[PDB]
Amino acid sequence: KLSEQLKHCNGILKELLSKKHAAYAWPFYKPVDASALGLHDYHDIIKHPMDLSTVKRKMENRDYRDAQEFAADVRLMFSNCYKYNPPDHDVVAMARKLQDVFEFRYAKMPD
Ligand SMILES: Cn1cc(-c2cc(C(=O)NC3CC3)cc(Cc3ccccc3)n2)nn1
């Protein structure tokens, strides 16, 4: 059983995983496979990896106790992208676009 605010969070999560946003959301679907992508410095730079499949598992397991906790993981995911990558990288442009979707809908949280 999810609170009203956590149902809004679950709605946002479903939207971020939906075909509507797939053109720029796909790098965030699964944990970064550093070894597969040849990013051998990734886990030296990013101490707390996060991705939408991990957010989905935590939501399904009722790990998040409130909207703030959910938003902290979604923002951690974007912050990791902005920390690791040069600001002109294609993946950063995709992060910016998905974060715009997130922030504008998160701002419509019911009181
Ligand atoms: C979530 N995530 C993925 C990546 C990442 C980082 C790199 C990368 O080589 N970064 C430079 C700094 C060393 C490459 C890719 C693959 C790729 C390429 C073009 C467009 C979307 C994805 N994804 N970062 N964070």
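Reconstructed Cβ throughout: ideal geometry from the backbone, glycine too, with neighbour counts over all protein chains shown. Rule-based calculations on the coordinates, nothing more; no lab input.
Table for the structure above
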| read-out | value |
| --- | --- |
| Proximal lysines relative to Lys97, as straight alpha-carbon distance under 30 Å, when same-chain residues fewer than 8 apart are discounted | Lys7, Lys14, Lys19, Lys20, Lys30, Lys47, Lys56, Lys58, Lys83, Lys108 |
| Degrees, to the nearest 10: 4-16 long Cα axis against longest axis of the chain | 40 degrees |
| Cα-based Rg and Dmax for the chain, where Dmax is the largest Cα-Cα distance (Å) | 14.0, 45 |
| In range of the label at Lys1: residues from the stretch 52-96 whose backbone nitrogen is under 19 Å from the point 7 Å along Cα→Cβ | 59-67 |
| Rounded FRET efficiency, nearest 0.05, which uses the C-beta distance separating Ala93 from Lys56 and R0 of 22 Å | 0.40 |
| Net length gained if the chain between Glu103 and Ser18 were fully extended (0.36 nm per residue, minus Cα distance) | 29.0 nm |
| Euclidean distance between Cα centres, the stretch 24-46 to the stretch 87-111, Å | 19 Å |
